[PDB]
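Shown next as structure tokens: one chain only, the form deposited in one PDB entry.
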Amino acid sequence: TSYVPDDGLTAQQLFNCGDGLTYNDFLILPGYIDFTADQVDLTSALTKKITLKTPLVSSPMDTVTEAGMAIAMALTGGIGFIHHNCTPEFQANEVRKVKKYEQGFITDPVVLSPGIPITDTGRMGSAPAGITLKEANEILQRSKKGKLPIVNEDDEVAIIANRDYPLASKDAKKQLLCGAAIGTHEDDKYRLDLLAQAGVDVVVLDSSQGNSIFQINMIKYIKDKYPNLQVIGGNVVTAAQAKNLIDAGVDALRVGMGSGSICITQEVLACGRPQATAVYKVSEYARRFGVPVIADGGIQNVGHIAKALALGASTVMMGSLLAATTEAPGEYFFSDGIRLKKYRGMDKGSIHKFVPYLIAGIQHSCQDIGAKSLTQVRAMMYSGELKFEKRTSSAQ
């Protein structure tokens, strides 16, 4: 015969009709493999102009992402978003700590509470620039002590006493990219400014319902005042929502609502769509304007991610799934028996182990379906080459 029937449904005929499907309600029928997983290119687009080596993005949650988390996240091919549950000052400070982080040089010396190296952030208190970490790394040995204060040719930078990150994510001026979330109220315009000044690359307008006149004007504002800053619009779950925000000027959309971790109020309130039908719906529209979508919320394993990207998502934001990694802010562990952490509002190794592990699964995931890039995975579903199968309740 050599004919072989036909299987699965096309993403459309499956996600565009009275569904309400979550990541666990379907699977993706496998294809033909003819290459190894390592060749699976994960290059993803965070925003129109910003692009990462991997599609991983950590959440602006007070328990997930902070200066530490963001840095590792960028070095490992992703990006982090500094939350905003702290005075604008301390947050914009966290951005700097990251935007300044040069692989090697100790950042955040100890002047006076934000051992003490006395001085005035460039005023010799107590090392020629342009030198390679090697030169000084040895110089310290003869210094018969440890560190070594660096500075310009006029006694006016920082200190320092297998570190390769081939995929890390820097900006034009070779610096780890960093983002942060803000609100849409007035007070945020200041906060934003401080952040802008601290060197932030992208600002995501943090909100449960981003389709408000408030988020709109906030977009237009930023888009105008700061033409060199990518803005990510409030949380949406439909195209009717994405439209405005896209017209207001967003450079990416953050999809998700009634998914992931809750804080207070009502995560499952009146409104709260399944994170698959949403990602599919919203992306399908967003792509029409070249606006990427971040699948924010509801990721528990690598599989979820593959599925997230396969439906139209360019990147995927995770919170909890990352919280257990060490680079997450906190302390309230019990080593006697089991897992319990604390989350507050208004185990799992270094991210340098975790992220590499995710990328493996994601590449492997793209391999099983015969795809060699997150882009060929998306092209395959919009074409119908990629076939899905729905799973029953009892089934699951």
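Here the rigid core means the biggest group of C-alpha atoms that line up within 1.5 Å when the two forms are laid on top of each other. Sequential numbering from 1, following the sequence displayed.
In this entry, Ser126 and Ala127 are separated by 10 or more residues of the deposited sequence that lack coordinates. The segment from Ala161 to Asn162 is interrupted, since 4 to 9 residues of the deposited sequence in that interval carry no coordinates. In this entry, 253-261 has the higher mean Cα B-factor, the comparison being between 293-301 and 253-261. Note on 105-113 vs 87-95: mean CA B-factor is higher in 105-113. Residues shown: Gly130, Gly179, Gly312, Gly210. Highest C-alpha temperature factor in the entry: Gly130.
For the set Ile222, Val204, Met317, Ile150, the maximum C-alpha B-factor listed in the entry falls on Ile150. Looking at the C-alpha B-factors along this chain, the one for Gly272 belongs to the highest third.
Annotation for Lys307: C-alpha temperature factor in the lowest third relative to the rest of the modelled chain, per the entry.
The deposited CA B-factor of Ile118 belongs to the highest third of values across its chain. In this PDB entry, the Cα temperature factor of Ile359 sits in the bottom third of its chain's modelled residues, the lowest group. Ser350 sits in the middle third of its chain by CA B factor, as recorded in the PDB entry.
What comes next is about the form deposited in another entry, which does not appear here.
Per-residue Cα shift between this form and the one not shown after core alignment stays below 2 Å for all of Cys86, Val151, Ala196, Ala324 except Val151. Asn228 shows a C-alpha shift below 2 Å between this form and the one not shown [criterion: core-superposed Cα displacement of 2 Å].
When two forms of a protein are overlaid on their rigid core, residues whose CA moves 2 Å or more are considered shifted, and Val268 is one of them between this form and the one not shown. After superposition on the rigid core, the Cα atom of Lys341 is displaced by 2 Å or more between this form and the one not shown. Put simply, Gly298 and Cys263 come closer in that other deposited form: their C-alpha atoms are 3 Å or more nearer than in the form shown.
Legend note: Cα of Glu267 to Cα of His84 is at least 3 Å farther in that other deposited form than in the depicted form.
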